[PDB]
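Input: a single structure, listed below in structure tokens.
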Amino acid sequence: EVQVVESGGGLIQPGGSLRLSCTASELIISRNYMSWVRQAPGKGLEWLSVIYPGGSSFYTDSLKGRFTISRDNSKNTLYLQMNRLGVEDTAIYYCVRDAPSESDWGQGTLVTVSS
Amino acid sequence: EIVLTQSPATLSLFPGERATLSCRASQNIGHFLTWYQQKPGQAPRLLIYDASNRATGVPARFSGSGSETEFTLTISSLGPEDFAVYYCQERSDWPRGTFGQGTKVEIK
Amino acid sequence: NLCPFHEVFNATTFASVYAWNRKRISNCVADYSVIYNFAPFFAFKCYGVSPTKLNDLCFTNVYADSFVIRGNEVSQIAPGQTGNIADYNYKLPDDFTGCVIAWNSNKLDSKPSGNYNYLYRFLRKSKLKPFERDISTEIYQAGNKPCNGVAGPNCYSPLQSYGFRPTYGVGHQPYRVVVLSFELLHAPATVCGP
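Protein chains in written order, with the entry's author numbering: chain H, 1 to 115; chain L, 1 to 108; chain A, 334 to 527.
Shown next, in the form of structure tokens:
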């Protein structure tokens with residue numbers, strides 16, 4: 001089973017910033033359609049951002065400017081800089097690798113934006 | 001924005017029965033619909049891609065159908081491990097997409 | 334004599350976007366009115382050149398890049414755009430000087446049960462340079478273990494079939510695109526209007 005492991009998620013004050021980090025065992029993150037998805041507590045899933053194998057990154061309209069997806073080609077890590085976080089930004093953030101016939105989600109890292 | 005409507009919200013069935021799930025899209029999305037399964041405390045699991053193709057490792061009892069604006073997921077025989085929340089995601093702009101609200105399978 | 338423009342527009346088969354087909358037009362007298370005044374050209378964008386004044390300009394060379402893509406991927410055929418097609422299939426330079434023309438070919442590119450003869454590249458190790466072509470079918474190693482040129486886990490075929498059908502929304506129906514690139518090189522002009 002392909003394992004994508006997130007990190008960096010935890011408590012943060014409203015208006016703060018976080019940088020979730022994702023890494024994979026048997027795949028190169030710089031070659032895959034790596035997206036970020038979240039599932040607000042007790043709600044449906046929401047797709048946040050995607051970074052293409054070539055380097056193009058796309059975001060939902062509601063997150064453009066706030067969230068900034070990037071990666072480190074040397075560390076094999078995928079990042080999601082999160083700025084100006086509100087209370088509604090609480091969710092379990094999944095780092096999902098997209099392929100036409102596969103979709104490998106991570107266990108998810110909880111982000112709690114509260115005082 | 002495409003909004004997908006999943007009915008029934010909860011689907012109560014006995015083990016071994018046939019379960020049929022529905023996902024209606026507000027716009028014609030062709031065959032670009034994906035079905036996910038989420039156990040409690042686990043990440044979603046890809047079941048069906050392109051609304052008909054069964055993902056690798058999925059048991060044959062799962063079968064997706066429909067096109068355009070009416071998609072359904074059919075479970076021939078609900079196993080002990082087939083009780084979960086099933087999400088339909090329109091992949092008209094793959095890998096981007098909007099999920100459904102989920103159709104939980106719960107009896108007692 | 335006159336240019337083959339309507340021999341490029343009325344070609345019966347258009348190439349796959351990943352293998353777009355380029356025609357070179359030279360030693361000609363170009364009449365762009367027929368192109369600009371034809372009904373089905375639902376998109377007629379010109380960059381660095383005015384569509385009405387085109388007949389008042391001559392260029393050393395003209396190229397016509399014709400391919401078929403989805404309706405929602407026609408927004409990527411423009412300078413500065415990025416995505417599935419700009420990155421891996423057909424990239425236009427930021428200083429592009431030419432016109433992009435696209436029309437819906439649903440009545441002739443869509444087959445019931447699916448038209449899987451049109452493919453595109455959705456995985457590439459890096460973006461394309463402007464007006465670059467990459468028709469290699471080598472298996473794309475998205476993993477770590479060398480999978481020895483056989484499609485399998487973490488290595489896929491980079492080409493994806495469009496699978497058009499007569500139904501589907503306008504965004505998923507086939508669109509026939511032809512891009513006219515006008516060139517000047519200090520060489521004598523060969524394609525005029527009158």
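In this text, a Cβ means the ideal position worked out from N, Cα and C, and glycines have one as well.
Residue i and residue j closer than 9 Å at C-beta
i, j, result
"H/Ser35", "H/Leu20", "no"
"A/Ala363", "A/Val524", "yes"
"A/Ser408", "A/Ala344", "no"
"H/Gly10", "H/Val111", "yes"
"H/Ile92", "H/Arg71", "no"
"L/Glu68", "L/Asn28", "yes"
"A/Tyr451", "A/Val350", "yes"
"H/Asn76", "H/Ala24", "yes"
"A/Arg457", "A/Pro491", "yes"
"H/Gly54", "A/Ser469", "no"
"A/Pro337", "A/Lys356", "yes"
"L/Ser92", "L/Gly41", "no"
"A/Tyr453", "A/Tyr473", "no"
"A/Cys379", "A/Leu387", "yes"
"H/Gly106", "H/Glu1", "no"
Contact set between residue i and chain L, taken where Cβ atoms lie within less than 9 Å
i, result
"A/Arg454", "Going along chain L, no residue has its Cβ under 9 Å from A/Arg454, so there is no contact; the nearest lies around 14 Å."
For residue i, the nearest candidate out of the options (CA to CA)
i, options, result
"L/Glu106", "L/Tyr49, L/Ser22, L/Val85", "L/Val85"
"L/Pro8", "L/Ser22, L/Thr98, L/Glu1", "L/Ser22"
"L/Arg24", "L/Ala55, L/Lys39, L/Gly100", "L/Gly100"
"H/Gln39", "H/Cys95, H/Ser115, H/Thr23, H/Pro100", "H/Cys95"
"L/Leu47", "H/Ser103, H/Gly108, H/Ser115", "H/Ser103"
"A/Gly504", "A/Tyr489, A/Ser438, A/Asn477, A/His519", "A/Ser438"
"L/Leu78", "L/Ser52, L/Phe71, L/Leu13", "L/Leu13"
"A/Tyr421", "A/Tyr396, A/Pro463, A/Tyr380", "A/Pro463"
"A/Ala522", "A/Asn360, A/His339, A/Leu425", "A/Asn360"
"H/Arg84", "H/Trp105, H/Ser114, H/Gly108, H/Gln107", "H/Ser114"
Contacts that residue i makes with chain A (C-beta to C-beta distance below 8 Å)
i, result
"H/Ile28", "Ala475, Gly476, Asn477"
"L/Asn28", "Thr500, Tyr501, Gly502, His505"
Cross-chain neighbours of residue i in chain A, by beta carbon under 7 Å
i, result
"H/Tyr59", "Correct list: empty, because the minimum Cβ distance to chain A is about 13 Å."
"residue 116 of chain H", "Outside the modelled stretch of chain H, which goes from 1 to 115, sits residue 116 of chain H, for which no answer is possible."
Within chain A, the residues that residue i reaches when beta carbons sit closer than 9 Å
i, result
"L/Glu70", "What L/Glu70 touches in chain A: nothing, since even the nearest Cβ is about 12 Å away."
Within chain H, partners of residue i - CB distance below 7 Å
i, result
"L/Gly64", "Within chain H, no residue comes near L/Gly64; the closest Cβ sits about 14 Å away, beyond 7 Å."
Contact set between residue i and chain L, taken where Cβ atoms lie within less than 7 Å
i, result
"H/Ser35", "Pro95"
"H/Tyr94", "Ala43"
"H/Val111", "Under the 7 Å cutoff, chain L gives no residues; its nearest Cβ is about 15 Å from H/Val111."
Beta-carbon neighbours of residue i, restricted to chain L and to distances below 8 Å
i, result
"residue 166 of chain H", "What the structure shows of chain H is the stretch from 1 to 115, and residue 166 of chain H is not part of that stretch, so it cannot be assessed."
Neighbour list for residue i in chain H, Cβ cutoff strictly below 8 Å
i, result
"A/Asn487", "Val2, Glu26, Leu27"
"A/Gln493", "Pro100"
"L/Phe99", "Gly44, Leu45, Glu46, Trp47"
Under 9 Å from the C-beta of residue i: neighbouring residues of chain H
i, result
"A/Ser459", "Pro53, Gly54, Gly55"
Next on the checklist: Which residues of the stretch 66-80 of chain H have a Cβ closer than 7 Å to any Cβ of chain A? Give them in chain order.
Outcome noted: none
Checklist entry - What residues in the stretch 413-427 of chain A have a beta carbon less than 9 Å from any beta carbon of chain H? => result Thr415, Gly416, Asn417, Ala419, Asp420, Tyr421
Item to check | Proximal residues, the stretch 496-514 of chain A versus chain L, C-beta separation under 8 Å | outcome: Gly496, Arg498, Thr500, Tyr501, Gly502, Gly504, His505
Checklist entry - Can you list the alpha helix (DSSP H) stretches of 4 or more residues lying completely in the stretch 421-453 of chain A, in chain order? => result 439-442
Next on the checklist: As an exercise, report each continuous beta strand (DSSP E) stretch of at least 3 residues that is fully enclosed by the stretch 376-416 of chain A, in chain order.
Outcome noted: 376-380, 394-403
Next on the checklist: Short of 9 Å Cβ to Cβ, which residues in the stretch 44-61 of chain L face chain H?
Outcome noted: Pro44, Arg45, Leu46, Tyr49, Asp50, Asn53, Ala55, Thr56
Item to check | Inside the stretch 52-90 of chain L only - alpha helix (DSSP H) runs reaching at least 4 residues | outcome: none
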